[PDB]
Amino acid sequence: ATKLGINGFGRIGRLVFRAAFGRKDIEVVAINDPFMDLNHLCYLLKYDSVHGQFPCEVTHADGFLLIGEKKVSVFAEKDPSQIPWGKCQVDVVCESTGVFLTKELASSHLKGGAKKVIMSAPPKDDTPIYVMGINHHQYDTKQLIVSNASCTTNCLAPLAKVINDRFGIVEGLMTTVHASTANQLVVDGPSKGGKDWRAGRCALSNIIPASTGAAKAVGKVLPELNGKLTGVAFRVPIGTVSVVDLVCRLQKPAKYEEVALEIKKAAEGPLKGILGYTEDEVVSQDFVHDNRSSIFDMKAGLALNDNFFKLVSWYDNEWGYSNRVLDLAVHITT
């Protein structure tokens, strides 16, 4: 029974909390978020504009978060080293604030008594990235701090692994059309720290170009593809669910139907739960609260010729990802 701590009770923190509620092998025992009192915290957990209300009565008494019989400890500590994780026997800390993305910074959780840490984002430094279904078995129990990569990487890696393993990816460029994120502004304004100016432009009415190392990070989890992938993003006014568009060149030539079939037997076989497959005329809203990392859209993508393909895959960037964080938490503890 993995004891999880959550630092940053935001989109991912709260949805990680929610996904653990249906998991026996993992339970959340402690939360930290200094920008939110207990009464406020309970409101944000109870109500969700995207994923609906919490499937359970959410109360607080005596400074605890009550989910029926379960009392969850709540802290409000800006300094992550002052969070008494070890007091609640926390096995793993889900680091979902977005501002401690370095081994030096994340390791402050260790000084508070947490055994291990997962960054809910790619690292700013050289912290081991792990993607469930792709390279998680290579994790070593003495690695105390790891990254679970981005939502976009969790989407592109399974697709790329399948395409590469069978046909061999020569080179690829990715576009992701990404749902709205908390680093964006409701109206034109200054981006946090004066970096990524476009992100501070009005979210409601703009297609917004964005940099992303998610495609390039696939080379970290799948070394074979080091130097063979990169990409960009475009932000759009969408609540959740994003889509990857991979234009790739392959070694062994194929028909699009053969590419689709290979992806289908991975989805039905060794990548069940991580990689999905569909042939339906789906749109983004059809993947809200889907827990897969990548759902391949057969009819959306296409082939220019025997070696040049456009491959389309969907992902609920909040929910798919939040599940993987649990999957990783359990794995690195067990």
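In this text, residue numbers run from 1 along the sequence as written.
Asks: Looking only at CA atoms, which has the higher mean B factor in the entry: 59 to 67 or 286 to 294?
Replies: Taking the mean B-factor of the alpha carbons in each, 59 to 67 is higher.
Asks: Test of understanding: from the entry's C-alpha B-factors, which stretch has the higher mean, 250 to 258 or 68 to 76?
Replies: Looking at the record's C-alpha B-factors, the answer is 68 to 76.
Asks: Can you tell me which third, lowest, middle or highest, the CA B-factor of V243 falls into for its chain?
Replies: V243: CA B-factor falls in the lowest third of its chain.
Asks: Compare the C-alpha B factor of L275 with those of the other modelled residues in its chain, then answer lowest, middle or highest third.
Replies: Its C-alpha B-factor, which the entry lists for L275, ranks in the lowest third among residues of this chain.
Asks: Among the modelled residues of its chain, does the C-alpha B-factor of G269 lie in the lowest, middle or highest third?
Replies: Lowest third.
Asks: Within this chain's modelled residues, let me know which third the CA B factor of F54 belongs to: lowest, middle or highest.
Replies: It falls in the top third of the chain.
Asks: Using the B-factors in the PDB entry, rank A19's C-alpha atom against the chain and give the third, lowest, middle or highest.
Replies: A19: CA B-factor falls in the highest third of its chain.
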